[PDB]
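The next block is target_23.txt, given as compact mmCIF, C-alpha atoms.
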# COMPACT_ATOMS: atom_id res chain seq x y z
CA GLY A 1 -15.59 10.43 -45.57
CA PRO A 2 -14.12 6.93 -45.08
CA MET A 3 -15.97 3.78 -46.13
CA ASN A 4 -15.29 0.99 -43.73
CA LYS A 5 -15.70 1.47 -40.05
CA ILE A 6 -13.45 3.69 -37.97
CA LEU A 7 -13.33 3.60 -34.20
CA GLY A 8 -13.27 7.39 -34.21
CA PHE A 9 -12.11 10.59 -35.86
CA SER A 10 -9.93 12.92 -33.80
CA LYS A 11 -6.78 14.96 -33.55
CA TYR A 12 -6.12 13.32 -30.15
CA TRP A 13 -5.56 9.57 -29.64
CA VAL A 14 -4.38 7.38 -26.74
CA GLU A 15 -2.00 4.46 -27.17
CA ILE A 16 -2.85 1.69 -24.68
CA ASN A 17 0.08 -0.48 -23.44
CA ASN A 18 -1.73 -3.22 -21.50
CA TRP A 19 0.64 -6.19 -21.75
CA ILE A 20 3.67 -7.16 -19.68
CA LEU A 21 6.72 -5.42 -21.11
CA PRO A 22 10.45 -5.59 -20.28
CA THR A 23 10.76 -1.80 -20.57
CA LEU A 24 8.81 1.41 -21.19
CA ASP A 25 11.78 3.13 -22.87
CA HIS A 26 10.43 2.43 -26.36
CA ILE A 27 7.13 4.21 -25.64
CA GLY A 28 6.87 7.41 -27.62
CA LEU A 29 8.90 6.22 -30.62
CA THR A 30 6.36 4.30 -32.70
CA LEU A 31 2.85 2.98 -33.02
CA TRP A 32 2.57 -0.42 -34.58
CA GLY A 33 0.34 -3.45 -34.58
CA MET A 34 -1.26 -6.17 -36.62
CA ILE A 35 -3.80 -4.68 -38.97
CA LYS A 36 -6.47 -7.41 -38.75
CA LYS A 37 -6.39 -7.09 -34.96
CA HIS A 38 -6.96 -3.30 -34.90
CA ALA A 39 -8.57 -2.61 -38.23
CA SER A 40 -10.99 0.15 -37.28
CA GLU A 41 -8.34 1.80 -35.04
CA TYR A 42 -5.79 1.80 -37.83
CA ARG A 43 -8.40 3.03 -40.30
CA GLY A 44 -9.53 5.76 -37.89
CA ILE A 45 -6.09 7.07 -37.05
CA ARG A 46 -4.96 6.99 -40.70
CA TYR A 47 -8.04 9.00 -41.71
CA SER A 48 -7.51 11.37 -38.78
CA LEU A 49 -3.92 12.00 -39.84
CA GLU A 50 -5.05 12.75 -43.39
CA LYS A 51 -7.56 15.35 -42.24
CA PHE A 52 -5.56 16.91 -39.36
CA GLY A 53 -1.97 16.69 -40.66
CA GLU A 54 -0.57 16.19 -37.16
CA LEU A 55 -2.02 14.17 -34.27
CA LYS A 56 -1.26 14.34 -30.55
CA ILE A 57 -0.73 10.93 -28.89
CA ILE A 58 -1.00 10.38 -25.17
CA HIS A 59 0.67 7.17 -23.95
CA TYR A 60 -1.16 5.05 -21.38
CA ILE A 61 0.18 2.12 -19.38
CA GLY A 62 -2.10 -0.64 -18.11
CA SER A 63 -1.63 -2.18 -14.65
CA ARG A 64 0.10 -5.27 -16.05
CA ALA A 65 2.56 -3.19 -18.08
CA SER A 66 4.40 -1.78 -15.05
CA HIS A 67 4.29 -2.37 -11.31
CA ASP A 68 4.83 1.31 -10.42
CA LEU A 69 3.38 3.15 -13.43
CA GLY A 70 0.35 0.90 -13.90
CA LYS A 71 -2.86 2.71 -14.88
CA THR A 72 -1.17 6.02 -15.66
CA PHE A 73 -0.67 8.35 -18.58
CA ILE A 74 3.08 8.81 -18.79
CA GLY A 75 3.68 11.24 -21.65
CA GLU A 76 2.72 12.41 -25.10
CA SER A 77 4.13 12.66 -28.60
CA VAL A 78 3.25 13.82 -32.11
CA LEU A 79 2.27 11.78 -35.17
CA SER A 80 2.96 13.93 -38.24
CA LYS A 81 2.49 13.38 -41.96
CA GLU A 82 6.00 14.72 -42.56
CA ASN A 83 7.42 11.88 -40.47
CA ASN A 84 5.00 9.49 -42.21
CA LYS A 85 4.88 10.50 -45.88
CA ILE A 86 4.61 6.97 -47.31
CA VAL A 87 2.30 4.57 -45.49
CA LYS A 88 4.04 1.20 -45.68
CA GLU A 89 2.80 -2.15 -44.40
CA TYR A 90 4.99 -5.01 -43.21
CA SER A 91 5.31 -8.66 -42.43
CA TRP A 92 6.39 -9.64 -38.92
CA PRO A 93 10.07 -10.30 -39.76
CA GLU A 94 10.23 -7.02 -41.68
CA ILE A 95 8.74 -4.81 -38.99
CA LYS A 96 10.86 -6.51 -36.27
CA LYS A 97 13.96 -5.47 -38.16
CA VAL A 98 12.74 -1.89 -38.64
CA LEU A 99 11.76 -1.55 -34.97
CA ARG A 100 15.02 -3.11 -33.72
CA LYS A 101 16.98 -0.48 -35.65
CA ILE A 102 14.80 2.33 -34.31
CA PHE A 103 15.05 1.09 -30.73
CA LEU A 104 18.88 0.58 -30.91
CA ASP A 105 19.34 4.07 -32.38
CA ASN A 106 17.44 5.41 -29.33
CA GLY A 107 19.72 3.76 -26.80
CA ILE A 108 17.61 0.74 -25.88
CA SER A 109 19.77 -2.30 -25.27
CA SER A 110 19.80 -5.19 -27.74
CA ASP A 111 18.94 -7.63 -24.93
CA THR A 112 15.87 -5.61 -23.91
CA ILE A 113 14.71 -5.56 -27.55
CA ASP A 114 15.07 -9.36 -27.72
CA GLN A 115 12.84 -9.58 -24.62
CA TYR A 116 10.31 -7.14 -26.10
CA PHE A 117 9.71 -9.22 -29.22
CA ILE A 118 9.50 -12.51 -27.28
CA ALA A 119 6.85 -10.96 -25.05
CA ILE A 120 4.85 -9.55 -27.97
CA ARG A 121 5.09 -12.72 -30.04
CA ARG A 122 3.66 -14.78 -27.18
CA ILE A 123 0.52 -12.69 -27.49
CA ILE A 124 -0.14 -11.93 -31.17
CA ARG A 125 1.29 -15.06 -32.90
CA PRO A 126 1.81 -13.74 -36.44
CA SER A 127 1.58 -15.87 -39.54
CA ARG A 128 3.51 -15.41 -42.76
CA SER A 129 0.55 -13.57 -44.32
CA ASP A 130 -0.25 -11.25 -41.40
CA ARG A 131 0.38 -7.58 -42.14
CA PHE A 132 1.48 -4.81 -39.79
CA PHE A 133 1.15 -1.03 -39.64
CA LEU A 134 3.85 1.38 -38.44
CA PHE A 135 3.75 5.07 -37.62
CA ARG A 136 6.90 6.97 -36.69
CA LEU A 137 6.31 9.40 -33.79
CA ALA A 138 8.31 12.48 -32.78
CA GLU A 139 8.86 14.74 -29.77
CA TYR A 140 7.90 12.26 -27.06
CA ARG A 141 8.05 13.96 -23.68
CA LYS A 142 7.48 12.24 -20.37
CA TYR A 143 5.11 13.89 -17.92
CA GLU A 144 6.98 15.12 -14.86
CA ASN A 145 4.03 14.03 -12.75
CA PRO A 146 2.50 10.80 -14.14
CA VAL A 147 -1.23 11.28 -14.54
CA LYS A 148 -2.90 8.48 -12.60
CA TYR A 149 -6.12 7.11 -14.08
CA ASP A 150 -7.98 7.90 -10.86
CA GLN A 151 -7.32 11.61 -11.52
CA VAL A 152 -9.36 11.56 -14.74
CA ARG A 153 -11.57 8.49 -14.35
CA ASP A 154 -14.78 10.54 -14.51
CA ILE A 155 -13.62 12.39 -17.64
CA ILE A 156 -12.38 9.69 -20.03
CA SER A 157 -14.14 6.33 -20.37
CA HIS A 158 -11.68 3.55 -19.64
CA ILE A 159 -14.40 0.87 -19.86
CA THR A 160 -14.60 1.40 -23.64
CA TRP A 161 -10.84 0.78 -24.00
CA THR A 162 -11.06 -2.95 -23.33
CA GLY A 163 -9.00 -4.86 -25.87
CA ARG A 164 -7.96 -1.71 -27.72
CA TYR A 165 -4.56 -0.45 -28.79
CA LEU A 166 -5.38 3.04 -30.12
CA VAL A 167 -8.46 4.98 -29.02
CA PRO A 168 -9.70 8.48 -29.94
CA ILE A 169 -10.32 11.11 -27.27
CA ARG A 170 -11.99 14.49 -27.41
CA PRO A 171 -9.99 17.76 -27.48
CA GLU A 172 -11.12 18.54 -23.95
CA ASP A 173 -9.98 15.10 -22.74
CA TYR A 174 -6.50 15.82 -24.12
CA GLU A 175 -6.44 19.18 -22.35
CA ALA A 176 -7.60 17.52 -19.14
CA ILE A 177 -4.72 15.01 -19.12
CA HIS A 178 -2.18 17.41 -20.59
CA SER A 179 -3.06 19.96 -17.90
CA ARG A 180 -2.21 17.40 -15.21
CA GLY A 181 1.24 16.48 -14.11

Once you've parsed the file, please lay out its structure as structure tokens.
Amino acid sequence: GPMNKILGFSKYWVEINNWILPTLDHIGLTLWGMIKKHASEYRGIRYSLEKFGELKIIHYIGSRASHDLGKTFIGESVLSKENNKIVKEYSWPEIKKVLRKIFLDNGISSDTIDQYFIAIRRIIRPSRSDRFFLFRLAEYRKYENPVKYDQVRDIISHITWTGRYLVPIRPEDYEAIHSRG
């Protein structure tokens, strides 16, 4: 198997968006983060992708991330090896430039993108040496009824998500959320 620690091993992962954001329009386009902050999560999802070929990602919004969609699962997407043939790692200026291009090509305004990076940078404070991971997602689709946390609180374990960005869930937890809204 792997060697260093992985948070989990699964075809189904949740992306947790817990910080204040100027928009949710970018959600479903990428997964990215600072490696040393999410090392076992990155290692787990990379190893999961290798074994499963394609992962299903459910996107979760924390209460601070939105006033109206707080604590809800809003949609899901696909993380595929075909869209992610070469794993590349990045400095902060490099990944900013890659993400800005992706977000502009998806119709997000330049001003909103400026606000996104200012909000993120407040929180993670990169240094010149810090490295970043990036996965390109595909097929994001918004749930027509947002799945509120209270609908599945006794099924998934939110308490274990504290301070996480990507967490594994079981196949039946995916089906439980997917089958709602």

* **For residue 142 in chain A: contacts at 8 Å, only C-alpha atoms, fewer than 3 positions along chain excluded, given as a ChimeraX atom specification** => /A:74-76

* Mind pulling up the distance from CA of residue 12 in chain A to CA of residue 104 in chain A? ->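 It comes out at 28.1 Å.
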
Edge lengths and centre in Å, axis-aligned, range 38-52 of chain A plus 8 Å each side, as AutoDock Vina command-line options:
--center_x -7.5 --center_y 6.8 --center_z -39.1 --size_x 23.1 --size_y 36.2 --size_z 24.5

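All residues that come within 12 Å of the coordinates (-10.9, -1.9, -35.2), counting all atoms listed in the file, are given as residues 4, 5, 6, 7, 8, 33, 34, 35, 36, 37, 38, 39, 40, 41, 42, 43, 44, 45, 161, 162, 163, 164, 165, 166, 167 and 168 of chain A.
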
* Structure fact -> Shortest contact to residue 28 in chain A, candidates A:141, A:71, A:51, A:85, atoms counted all atoms listed in the file, goes to A:141

* **Among listed residues A:9, A:103, A:133, A:116, nearest residue 50 in chain A (using all atoms listed in the file)** =>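 Under the stated criterion, the closest residue is A:9.
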
Each residue of range 15-67 of chain A with at least one atom at most 10 Å from range 97-100 of chain A should appear once, together with its nearest atom pair and the corresponding distance in Å (one decimal); atoms considered: all atoms listed in the file; ordering: chain, then increasing residue number; output as JSON lines.
{"residue": "A:26", "atom": "CA", "partner": "A:99", "partner_atom": "CA", "distance": 9.6}
{"residue": "A:29", "atom": "CA", "partner": "A:99", "partner_atom": "CA", "distance": 9.4}
{"residue": "A:30", "atom": "CA", "partner": "A:99", "partner_atom": "CA", "distance": 8.3}
{"residue": "A:32", "atom": "CA", "partner": "A:99", "partner_atom": "CA", "distance": 9.3}
